[PDB]
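Enquirer: based on what follows, work out the 3D shape:
(one chain, ligands or ions: 1)
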Amino acid sequence: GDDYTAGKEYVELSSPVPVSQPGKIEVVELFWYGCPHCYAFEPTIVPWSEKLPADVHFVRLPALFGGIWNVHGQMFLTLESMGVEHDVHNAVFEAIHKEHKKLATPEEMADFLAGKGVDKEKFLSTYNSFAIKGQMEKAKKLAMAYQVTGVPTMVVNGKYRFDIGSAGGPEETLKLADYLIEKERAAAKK
Ligand SMILES: Cc1ccccc1CSc1nncn1N
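Expert: Residues are numbered from 1 along each chain as shown. See below for the structure:
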């Protein structure tokens, strides 16, 4: 009969946000190019996310809160729109937190991406296109609605907000995530 405290481990939003399509549970993690905590979470969240059933869907959304925040995230959405899969996405975080070659401009981004199999022309073509902007505004209005006041931040079904600090550790974050998945799943368990 329960095992977590509201506000202590996970915080429930007074104003919840509905997902686009029902049936599957929404799991969003708002990472940033300036959060070290997100880097140490990668080798821990991957084995969990890539082992989830066909009832849970993880989404990669950056902390687009204007300023330099949105700038340090658009690059990711650009790659996802390129149609590349299993292109060693983790290598990107490496050049950001291990090297930190000031990836704040498209030039530096393309220069680095070109070394892993990325066309500078395609990149810049869609980068400066509305195709990415439509995604940017989409995540922007959702991020602030998910009550994301920090990074990282795991949001489940736009109702429960938690993170490493709130949970009490990277492992505790996974505990809360799995618990909340069943929490929402129970509201529609046939
Ligand atoms: C918000 C966006 C931008 C880019 C890729 C995927 C998405 C859809 S993810 C989403 N849409 N409504 C709720 N939710 N978490």
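Enquirer: gap between the residue nearest to residue 150 when sequence neighbours are not counted and residue 28?
Expert: Leaving aside its chain neighbours, residue 150 sits nearest to residue 163 (6.7 Å; criterion: C-beta to C-beta, 6 or more residues apart in numbering). For the C-beta atoms, the positions are set from N, CA and C on the backbone; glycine is no exception. Applying C-beta to C-beta, to the nearest Å, the value for residue 163 to residue 28 is 12 Å.
Enquirer: what touches both of those two?
Expert: Common contacts of residue 163 and residue 28 (C-beta atoms under 8 Å, 6 or more residues apart in numbering): residue 154.
Enquirer: touching, the residue nearest to residue 150 and residue 153? I think so.
Expert: Yes. Taking C-beta atoms under 8 Å as the definition, residue 163 is a contact partner of residue 153 at 4.9 Å.
Enquirer: what parts of the chain come near the ligand?
Expert: Residues of the chain found near the ligand (C-beta under 6 Å from any ligand atom) are 19-20, 26, 28, 59, 61, 77, 135, 138-139, 142.
Enquirer: just the buried subset of the residues you listed, written out for PyMOL, thanks.
Expert: Here is the PyMOL command that selects the buried residues among these (16 or more other C-beta atoms under 10 Å):
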select buried, resi 19+26+28+61+77+135+139+142
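Enquirer: so where do the helices sit in the protein?
Expert: Secondary structure of the chain (DSSP state H): helices at 36-39, 42-49, 74-80, 90-94, 106-113, 120-127, 130-143, 164-167, 170-185.
Enquirer: hey, which of those is tucked in deepest?
Expert: Highest mean neighbour count among the helices of the chain (mean count of other C-beta atoms under 10 Å): helix 74-80, with a mean of 20.
Enquirer: and the contacts of that helix?
Expert: 60, 62, 64, 87, 89, 92, 103, 106, 109, 113, 118, 123, 126-127, 132, 135-136, 139.
Enquirer: and residue 116, what is it in contact with?
Expert: Contacts of residue 116 by C-beta under 8 Å, 6+ apart are 87-88, 91.
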